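A look at the structure
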Number of protein chains: 2
Amino acid sequence: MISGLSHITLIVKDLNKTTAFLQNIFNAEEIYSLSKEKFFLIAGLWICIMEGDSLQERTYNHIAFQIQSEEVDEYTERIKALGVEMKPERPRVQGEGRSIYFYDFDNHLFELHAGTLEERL
Amino acid sequence: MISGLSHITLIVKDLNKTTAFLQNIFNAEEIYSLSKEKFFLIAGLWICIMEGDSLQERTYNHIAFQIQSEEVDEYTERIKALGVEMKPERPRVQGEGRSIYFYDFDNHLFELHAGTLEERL
């Protein structure tokens, strides 16, 4: 059996810049910083960031984090207030919960979803 | 606080084909199958697969799953035995554990790593 997820590794052009973004929105705790890179825990999740022009084009391939209903509006606020790229919010299926999509500086699509797979069925 | 991860969504050209791959290697349990898509649990992990030519180029952006030391060789075997693209294995820091990298059919890089972030520091 595969244990769980080990980590997600993401490649970004500016390190420091992505960092502030992460610890601002996702509130990542850094673990530490040869080759320039940094580790983070986001919602107990091992995220690794490596510097590099590896940012090929925008796709629907994305990571969704679980937030909670009341948080959606507050989180919308935060993302806007960092001037990060944030799509307008579409209503799903009033029983499928809400989602917000926004990018980091490096073509990375993020979703904040609210409403468990469990109920999502 | 962000709860955990909600799900990772991946875009693949052939659905059925990716599927077999997933449930073969990662042993994903399907949850179910408008628009063609399928859900899976991989190591208690909500993975969603959507059909689409959205497979922009190969990068180091990747997902690593946690496996265990003894499994490494067996898992190497499996990946080879599906004829999926698998990089040759590099020894890391004899105290940083081992890793294996391989692609799905759609420029998706996967890592199977063995050895906790905890000890990885």
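The preceding data block contains the structure.
First, a word on scope: everything that follows refers to the structure included in this document. (Residues numbered from 1 in each chain as written, not as in the entry; some residues may be left out. Chains lettered and ligands numbered in written order. Heavy atoms only, no water. Residues with missing side-chain atoms left out of burial classes, pairs and counts.)

Digging into the pattern of salt bridges
What the rule picks out here adds up to ten salt bridges over all chains. A salt bridge links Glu30 of chain A to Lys38 of chain A, with the nearest nitrogen and oxygen atoms 3.1 Å apart. Of the residues examined, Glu30 of chain A reaches a relative accessible area of 37% and is grouped as partly exposed. A relative accessible area of 16% means that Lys38 of chain A is categorised as buried. For the salt bridge of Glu89 of chain B with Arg98 of chain B, the shortest nitrogen-to-oxygen distance reads 3.0 Å. A relative accessible area of 40% means that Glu89 of chain B is categorised as partly exposed. Through salt bridges with shared partners, a single ionic network connects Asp73, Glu89 and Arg98 of chain A. (Salt bridge = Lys/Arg side-chain N within 4 Å of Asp/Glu carboxyl O. Buried < 20%, exposed > 50% of the residue type's maximum accessible area, 1.4 Å probe, protein only.)

Focus on the environment of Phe26 of chain B
Residue placement: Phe26 of chain B occurs in the loop between helix 1 (15-25) and strand 2 (29-30). For the pair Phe26 of chain B and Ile8 of chain B, spaced 18 residues apart in sequence, the C-alpha to C-alpha distance is 14 Å. Apart from residues no more than four positions distant in its own chain, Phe26 of chain B is found in contact with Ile2 of chain A together with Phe21, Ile42, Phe65, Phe102 and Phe110 of chain B. (Helix = DSSP H or I, 4+ residues; strand = E, 2+ residues; numbered from the N terminus. Contact = heavy atoms within 4.5 Å.)

Side note on the environment of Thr76 of chain A
All names here are of chain A. Looking at the secondary structure, you find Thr76 in helix 2 (residues 69-80). Residue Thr76 is classed as buried on the basis of its relative accessible area of 16%. Through-space distance from the C-alpha of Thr76 to that of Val93 is 19 Å; in sequence the pair is 17 residues apart. What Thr76 contacts, discounting residues up to four positions off in sequence, is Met86 and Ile100.

Looking at the relation of the copies chain A and chain B
Overlay of chain A on chain B (RMSD 0.0 Å): rotation 180°, translation along the axis 0.0 Å. Considering both components of the superposition, the chain copies are consistent with a two-fold axis. When each C-alpha of chain A is compared by its distance to the rotation axis, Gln56 of chain A comes out closest, at 3.3 Å. An overlap of 100% is found between the interface residues of chain A and their copies at the interface of chain B, pointing to a shared contact surface. (Least-squares fit on C-alpha atoms.)

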